[PDB]
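Engineer: Pasting a structure below so you can have a look.
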Amino acid sequence: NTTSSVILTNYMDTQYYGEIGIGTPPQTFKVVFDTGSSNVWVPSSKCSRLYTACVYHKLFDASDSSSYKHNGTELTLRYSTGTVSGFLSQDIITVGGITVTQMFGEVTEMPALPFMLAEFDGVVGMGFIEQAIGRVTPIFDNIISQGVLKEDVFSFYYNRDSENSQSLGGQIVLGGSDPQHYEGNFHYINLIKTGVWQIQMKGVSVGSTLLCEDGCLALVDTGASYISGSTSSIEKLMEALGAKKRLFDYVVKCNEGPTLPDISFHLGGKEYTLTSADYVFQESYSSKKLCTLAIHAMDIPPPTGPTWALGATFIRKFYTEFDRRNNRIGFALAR
Ligand SMILES: CC(C)CN(C(=O)c1cnc(C(C)(C)C)nc1NCc1ccco1)[C@H]1CCCNC1
Ligand SMILES: *[C@@H]1O[C@H](CO)[C@@H](O)[C@H](O)[C@H]1NC(C)=O
């Protein structure tokens, strides 16, 4: 019956990661704790240096760990934004002072796009075994097995401040939540199914409901930067906002930013509202300058998709508790 936290760094409101240690002695890695996937991977020393992303990130060297256990089963992790490929290994992983023996992917194939843009080295998947490639037991499942934690829950706080380096970029409590980072009560929404951190959504509103009328899906994805929907969902949301489409993002003229309407997500009977301040990167107030929106198109395939994904844009405003004992997600106002 103990509780434990991981200190997160916030890079520019788009990348949130903490530090883990792998092996004896610990090799440390910057990792995204991702509720939208279920595998652990770091880049590997076996990764060809022709992968520039492998030049620019910390590499796990199995030859420097005395606690490593070979497996070498190939794995390929297909994310919506890009793919990593490699092989399975087993070592001791430390995460918030919790030591666990864990199967993880040693990534030998790490595309320059998008991975050169990653501040983090790898990913710690916080999803279920059902979504785990290779049917590899996820790290939290392993920590639960130990019987150390007070509750079968984990919580995410993502800070709104990335500039002020003398502040906490984010936090993950394993085994509970932290009351210093939320307020009011938790609102609990049960999952559609076990296997995925996905909840029923019954509306996306601009200002009047104009999307997700007959119901749709919402993946709560701590590993994502943005709120995402389907290409057609986003194109209709953006037409409503007067946002011009670009190659990788949507933008308004910076001056139009504060005048943008509130966007609401109807989740578990409550209306979860984001103001323009919650979703516009107000980098300027100029009419000559384009400001990027924290909402993009992301088409996730079956069986998970098509689905909306509530990423860091959403978690910033809403402190999120992931409840594995009751298969539900709690949202409270962050502070
Ligand atoms: C690799 C993994 C994190 C990929 N995903 C991303 O959204 C993602 C993609 N590419 C980037 C790059 C490299 C471009 C920086 N960053 C990402 N996320 C940063 C972040 C950390 C905290 C919150 O958001 C999703 C994929 C679907 C399952 N959930 C995660
Ligand atoms: C890899 O791990 C799995 C555990 O499910 C095991 O069955 C398999 O034999 C392992 N392979 C090697 C080569 O160690």
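Each reported figure results from applying straightforward, stated rules to the coordinates on display, with no laboratory input. Note: ideal-geometry Cβ built from the backbone for every residue, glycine included; neighbour counts use all protein chains shown.
Engineer: Please state, to two decimals, what the Cα-based radius of gyration of segment 3-177 comes to when divided by 2.2 N^0.38 Å (N = residues). Spell out each step's value before the answer.
Structural biologist: Numbers: Rg = 15.3 Å, N = 175, 2.2 N^0.38 = 15.7 Å.
Relative to the rule-of-thumb radius for its length, segment 3-177 sits at 0.98.
Engineer: So what's Rg/Rh here for segment 90-195, counting alpha carbon atoms and using the Kirkwood radius for Rh?
Structural biologist: Rounded to two decimals, Rg over Rh is 0.98.
Engineer: Just the number: Rg to Rh for segment 23-101, Cα atoms, Kirkwood Rh, two decimals.
Structural biologist: 0.94
Engineer: How much net charge surrounds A294 when only the other residues with a Cβ under 10 Å from the Cβ of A294 are counted, with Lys and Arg +1 and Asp and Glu -1?
Structural biologist: -2
Engineer: Let me ask another. Using the structure shown, list the pairs from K30/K69; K69/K193; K193/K270 with a Cα-Cα distance above 26 Å, or answer none.
Structural biologist: In this structure, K69/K193 lie more than 26 Å apart at Cα.
Engineer: Right, next: What does the charge add up to near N159, with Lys and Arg as +1, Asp and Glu as -1, over the other residues with Cβ less than 11 Å from its Cβ?
Structural biologist: Details: positive: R160, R316, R335; negative: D13, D161, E163.
Around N159, the charge tally is 0.
Engineer: Straight-line reach from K288: which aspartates and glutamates fall under 15 Å, measuring Cα to Cα and dropping same-chain residues less than 8 apart?
Structural biologist: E256
Engineer: Find the centroid of the Cα atoms in segment 157-198 and in segment 94-109, then give the distance between the two in whole Å.
Structural biologist: Centre-to-centre distance over Cα atoms comes out at 22 Å.
Engineer: A further question on this structure: For a Förster distance of 22 Å, can you work out the FRET efficiency between the beta-carbons of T137 and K193, rounded to the nearest 0.05?
Structural biologist: Result of the calculation: an efficiency of 0.70.
Engineer: State the answer as a single residue: which of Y51, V153, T94 lies farthest towards the positive end of the charge dipole of segment 41-194, with beta carbon charges of +1 for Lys and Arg and -1 for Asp and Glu, about the Cα centre.
Structural biologist: Projecting each Cα onto the dipole axis, the largest value belongs to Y51.
Engineer: Something else about it: What number do you get for the chain when its Cα radius of gyration is normalised by 2.2 N^0.38 Å, N = residues?
Structural biologist: That works out to 0.98 for the chain.
Engineer: Cα centroid distance between segment 42-93 and segment 238-273, in Å?
Structural biologist: 38 Å
Engineer: Suppose every K and R has +1 on its Cβ and every D and E has -1 on its Cβ; what is the size of the dipole of the chain about the Cα centre, in Debye to the nearest 20?
Structural biologist: Roughly 260 debye, rounded to the nearest 20.
Engineer: What does the charge count around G305 come to, taking other residues whose C-beta lies under 14 Å from its C-beta (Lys +1, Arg +1, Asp -1, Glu -1)?
Structural biologist: Result for the local shell: 0.
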